[PDB]
Amino acid sequence: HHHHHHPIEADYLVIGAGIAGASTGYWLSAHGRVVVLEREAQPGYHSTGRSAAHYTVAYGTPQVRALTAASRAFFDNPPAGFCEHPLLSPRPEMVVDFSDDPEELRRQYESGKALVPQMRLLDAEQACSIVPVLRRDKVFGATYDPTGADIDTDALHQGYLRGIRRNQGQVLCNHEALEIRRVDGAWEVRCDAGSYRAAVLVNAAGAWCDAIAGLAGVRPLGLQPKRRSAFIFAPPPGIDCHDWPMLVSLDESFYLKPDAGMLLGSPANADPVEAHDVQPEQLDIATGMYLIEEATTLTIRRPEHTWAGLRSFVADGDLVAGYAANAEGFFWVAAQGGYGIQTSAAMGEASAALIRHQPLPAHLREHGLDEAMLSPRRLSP
Ligand SMILES: Cc1cc2nc3c(=O)[nH]c(=O)nc-3n(C[C@H](O)[C@H](O)[C@H](O)COP(=O)(O)OP(=O)(O)OC[C@H]3O[C@@H](n4cnc5c(N)ncnc54)[C@H](O)[C@@H]3O)c2cc1C
Ligand SMILES: N=C(Cc1cnc[nH]1)C(=O)O
């Protein structure tokens, strides 16, 4: 009984305009009519706007590391017109053993080196030379990856969205998917002012991917959102930290990285929560500050910024890009975990190819990617 606009027909409806939907949409948009439906007034209000903006190959499961490695070429050399400035800035990563676990440190070095030939094994004095605020008594060695990079996430994200629009796609904010139904051979999404129809529904809804499946009547993946908090604080007078690496503890108890002229800290937490607009917890922030003040000579007065975001995982820690079994046209782009920005070029290209029933492009297969490794079918016996 209330007015709605006539339905809009497309080839692919993408739910969510974060890095997952934007990257998938970007690679789809040259081939057909893309409509991206985003709940919020802005596309990057949830996880894509809350990251540490870093690129690190030796991080995550083997599938994650391949997706990340395979994304570098786009990031370093994107198409003409994609963006105005470089997407990556040099930022090596140093993983420091603060718990005296040489066997773990060696395992991570050998593992890392196998993918990153320039990775180095450092002794405690070498780690303290690189970040001189480290407490030598607390340091037992480190790994060092000279190939790490900071990512200009806003430029990357906006580049994907602009690409969609240049290919006559639509990116519609304030268009929460409220209902989803298979109607006359298409998926039909009701938003508050009108509905959208396409043969393909691309579920790129971040921590809400299983909620979208629940609207559609599609069996969910078992996605678990996990809260991670972070904060920005001023370095003490006299400390010039602008060229420090990203510093991470071996057991992921905290990390620390320069953010221009400030420092970004985090307790690197993973507290399981429901999908929601997540806020930082005081205990998260206090724990991160405590651990930084114990590992280093830094004293932290009060943060300039605090936030938290959701890193969402399925049971095996791997990303998901594939059609749902037994649910025609429903395509998952999910389980980005702590890796959705640094994997986005490979995930977007792969997902788009698979949506289109195409082979994975050579450069992706050469990095050891295949359809089965990405598929949600692997979560099932
Ligand atoms: C503290 C922290 C540090 C991190 N560090 C890094 C890092 O250094 N590098 C890295 O690669 N990753 C990092 N991550 C991970 C990265 O943030 C996520 O993997 C990535 O942002 C997930 O993108 P997404 O598109 O899946 O999710 P989101 O960006 O959350 O996008 C999903 C979108 O779906 C929309 N949506 C949900 N439901 C609906 C609906 N009903 N209708 C319409 N739209 C809907 C949401 O509003 C949202 O905009 C970090 C994350 C955190 C929190
Ligand atoms: N991905 C991160 C941080 C990161 C470190 N190096 C690259 N990324 C996270 O906190 O999920």
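Index from 1, following the sequence. Reckoned from all heavy atoms, side chains included, excluding hydrogens, waters and symmetry mates. Numbering of ligands and ligand atoms starts at 1, following listing order.
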I'd like to check which ligand 1 atoms, numbered from 1 as shown, lie under 4.0 Å from a non-hydrogen atom of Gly16. 33 (C), 34 (O), 35 (C), 44 (N)
Aromatic centroids of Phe331 and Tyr12 separated by under 6.0 Å: no
Does any donor atom in the side chain of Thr147 or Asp145 lie under 3.5 Å from an acceptor atom in the other side chain? yes
If we count only N and O atoms by modelled type, under 3.5 Å, do the side chains of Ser351 and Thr24 hold a donor and an acceptor together?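 Yes, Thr24 and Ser351 have a side-chain donor paired with an acceptor closer than 3.5 Å.
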When only distance counts, is [X] in polar contact with ligand 2, meaning an N/O pair under 3.5 Å?
{"X": "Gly338", "result": "yes"}
{"X": "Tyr255", "result": "yes"}
{"X": "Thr56", "result": "yes"}

Would you say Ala204 touches ligand 1, if touching means a heavy atom closer than 4.0 Å? yes
Does ligand 1 have an atom that lies less than 4.0 angstrom from a heavy atom of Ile212?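 For ligand 1, residue contact (heavy atoms, under 4.0 Å) with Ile212 is present.
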Selected option - heavy-atom contact closest to [atom], from [options]:
{"atom": "atom 41 (N) of ligand 1", "options": "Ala17, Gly49, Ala177, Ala334", "result": "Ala177"}
{"atom": "atom 18 (C) of ligand 1", "options": "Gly338, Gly337, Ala22, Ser229", "result": "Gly337"}
{"atom": "atom 49 (O) of ligand 1", "options": "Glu179, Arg50, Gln42, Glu38", "result": "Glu38"}
{"atom": "atom 20 (C) of ligand 1", "options": "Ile180, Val14, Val36, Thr48", "result": "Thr48"}

For atom 25 (O) of ligand 1, the protein heavy atom that lies nearest, with its residue and separation: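 Residue, atom and distance for the closest contact: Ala20 N, 2.9 Å.
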With backbone taken as N, CA, C and O and side chain as the heavy atoms from C-beta onward, which portion of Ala211 lies under 4.0 Å from ligand 1: side chain, backbone, both, or neither?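 For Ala211, no heavy atom sits under 4.0 Å from ligand 1.
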Part of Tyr59 within contact of ligand 2 (heavy atoms, under 4.0 Å): side chain
Aromatic rings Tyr55 and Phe75: how do their planes relate, parallel, tilted or perpendicular, breaks at 30° and 60°? perpendicular
